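Student: Handing you this structure, nothing more for now.
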Amino acid sequence: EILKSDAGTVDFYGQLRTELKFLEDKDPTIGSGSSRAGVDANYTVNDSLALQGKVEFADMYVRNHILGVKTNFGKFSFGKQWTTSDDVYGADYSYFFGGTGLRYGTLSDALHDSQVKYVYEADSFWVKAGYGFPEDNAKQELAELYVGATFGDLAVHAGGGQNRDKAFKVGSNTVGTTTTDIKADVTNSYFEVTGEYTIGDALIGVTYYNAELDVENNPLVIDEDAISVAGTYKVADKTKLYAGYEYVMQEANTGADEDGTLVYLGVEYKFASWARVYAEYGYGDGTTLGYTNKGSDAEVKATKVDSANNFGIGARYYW
């Protein structure tokens, strides 16, 4: 982390991972993928009024590009960032496969680029919010607002946001010999409520998430209604169990009724505060319109699947 300081520290940090996923009916895959490293700064001036320059890397691309102003009340950060709703997330405690209950990232990779984010804290009660300038307009229209609080053991948060790409690629279709693509103007209209109950060794999360997508010049409705339950039991001091049950159902305005279930189950040994393994088993079934697993950053395309088993092992090295 820290390097030179006086009124402002200069973080340098990162996480070497190595992840082995074993999705159904494919080869085992490996990789340092999701590994990252970056450098953050800080510098106070008057009162409570300071900055931070966080910049991340991960084939060295750029996951964050923050140029942020701590203020006399809140904080305002401008640059490439995770969506606010990805920071807030919900009840996925999984390292590999969960996150299907959470319907903000149906379009936007959880990762808009010309974004600006307002965080204000005080108390337990926090208020986070985010806006995206669609510079070009090919970039999505994005706006998010989120509240939260905590009352002893119960840590509650609600919020939502809307998300619209002008030309969201879906996929192809072939007219025998003429491959047209399917690229439409579509809008993710999401709202969520979550609770997290912390009781000694235990944790229990439930997250309610509603979403809706629809196209400009088109008669079309899809009502994502979602739920997640999950929790962590701390079975040793170093070890930790986790599992979770996610369920989303999708009502078409044109009759069609589909859904899909995910059960994860796994474990996380924490050797030290820079080492940890984690082994995970996802069972699934049914449709998703695509999601993002925050933990592994494993950003999954819209898809329909069978009763299938998937395993995940991987370790990390922090600095």
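Mapped onto the deposited numbering, the consecutive letters of the sequence shown carry residue numbers 2 to 59, 65 to 325.
A virtual CB, placed ideally from N, CA and C, is assigned to each residue, including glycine.
1) When DSSP labels each residue in this structure, what does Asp92 get in the three-state scheme?
2) Roughly how many angstroms lie between the CA atoms of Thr298 and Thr77, to the nearest whole one?
3) Within 10 angstroms of the Cβ of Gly206, are there 16 or more other Cβ atoms? Answer buried if so, exposed if not.
4) Taking 8 Å as the limit between beta carbons, can you name the residues of its chain near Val241, skipping five residues before and five after?
5) State whether the segment 273-281 contacts the segment 253-265, with contact taken as three or more CB pairs (one from each stretch) at a distance under 8 Å.
6) Could you check which residue in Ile210, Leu268 and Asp231 has the C-alpha nearest to that of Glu257?
7) Mind checking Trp325: buried by the 16 CB within 10 Å criterion, or exposed?
8) Any chance you could list the beta strand (DSSP E) runs of at least 3 consecutive residues sitting entirely within the segment 178-259, in chain order?
9) In its own chain, which residues sit with a C-beta less than 8 Å from the C-beta of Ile233, not counting the 5 before and 5 after it?
10) Tell me whether the beta-carbon of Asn223 lies closer than 8 Å to the beta-carbon of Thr112.
11) Which residue spans inside the segment 121-186 form an unbroken alpha helix (DSSP H) run of at least 4?
12) Checking 8 Å against the spacing of the C-beta atoms, do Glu198 and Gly250 come in under that value?
13) Starting from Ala314, trace the beta strand (DSSP E) both ways and give me its first and last residue.
14) Where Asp28 and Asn315 are concerned, what is the direct C-alpha to C-alpha distance, given to the nearest angstrom?
15) From the DSSP output, read off the bridge partner residues of residue 326.
16) Can you say whether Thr30 is buried or exposed, counting buried as having 16 or more other CB atoms within 10 angstroms of its CB?
17) Do the CB positions of residue 61 and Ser83 come within less than 8 Å of each other?
18) Is there contact between the segment 30-40 and the segment 87-94, where contact requires at least three CB pairs shorter than 8 Å?
19) How about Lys175 and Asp159: do their beta carbons lie closer than 8 Å?
20) In whole angstroms, what separates the C-alpha of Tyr67 from that of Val221?
21) Please say whether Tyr101 and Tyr284 have beta carbons closer to each other than 8 Å?
22) Check whether the Cβ atoms of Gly237 and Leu271 sit closer than 8 Å, and answer yes or no.
23) Within 7 Å: the Cβ of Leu268 and any heavy atom of the ligand PLP?
24) What's the gap between the Cα of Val269 and the Cα of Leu151?
25) Take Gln146 and list the residues in its own chain whose beta-carbon comes closer than 7 Å to its own, dropping the five residues that flank it on each side.
26) The beta strand (DSSP E) spanning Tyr284 covers which residue range?
27) Would you please state the rounded distance, in angstroms, between the beta carbons of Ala173 and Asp191? I believe it to be under 8 Å.
28) Is the Cβ-Cβ distance between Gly318 and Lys22 less than 8 Å?
Tutor: Let me lay it out:
1) Helix.
2) Linking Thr298 to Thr77 through their CA atoms gives a straight-line distance of about 32 Å.
3) Exposed: under 16 other Cβ atoms inside 10 Å.
4) Taken in chain order, the residues that qualify are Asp207 and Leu247.
5) Segments in contact, no.
6) Among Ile210, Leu268 and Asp231, the Cα nearest to that of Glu257 belongs to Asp231.
7) By the neighbour-count rule (16 or more Cβ atoms within 10 Å), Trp325 is not buried but exposed.
8) With a minimum length of 3 residues, the continuous beta strand (DSSP E) runs that stay inside the segment 178-259 are 185-205, 208-219, 228-239 and 247-258.
9) Its chain contains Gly107, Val212, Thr213, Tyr214, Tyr215, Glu252, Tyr253 and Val254 as the residues whose beta carbon lies nearer than 8 Å to that of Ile233, once the 5 sequence neighbours on both sides are disregarded; these appear in chain order.
10) Result no, Cβ atoms of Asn223 and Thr112 do not sit closer than 8 Å.
11) DSSP runs (the alpha helix (DSSP H)) wholly in the segment 121-186: none.
12) A distance of 8 Å or more separates the beta carbons of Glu198 and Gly250.
13) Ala314: member of the beta strand (DSSP E) spanning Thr309 to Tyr324, first to last residue.
14) For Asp28 and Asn315, the gap between their C-alpha atoms comes out near 13 Å.
15) This structure does not reach residue 326, given that the chain is present from 2 up to 325, and the question cannot be answered.
16) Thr30 is exposed by the Cβ-count criterion.
17) In this structure residue 61 is absent; the chain steps straight from 59 to 65.
18) Contact between the segment 30-40 and the segment 87-94 is absent: fewer than 3 CB-CB pairs across the two stretches fall below 8 Å.
19) In this structure, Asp159 does not lie closer than 8 Å to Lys175 by Cβ.
20) Each residue's alpha carbon lies about 32 Å from the other.
21) Yes, the pair counts as a contact, with Cβ atoms nearer than the cut-off.
22) The answer is no: Cβ separation not under 8 Å.
23) The ligand PLP is not part of the structure shown, which contains no ligands of any sort.
24) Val269 and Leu151: Cα-Cα distance of roughly 29 Å.
25) Counting only residues of its own chain and dropping the five nearest sequence neighbours on each side, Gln146 has a CB closer than 7 Å to the CB of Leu113, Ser114, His118, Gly138, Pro140, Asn169, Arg170 and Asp171.
26) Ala281 to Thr294 is the span of the beta strand (DSSP E), which, as asked, contains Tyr284.
27) Rounded, the Cβ-Cβ distance is 7 Å, consistent with contact.
28) A contact, by the Cβ cut-off of 8 Å.
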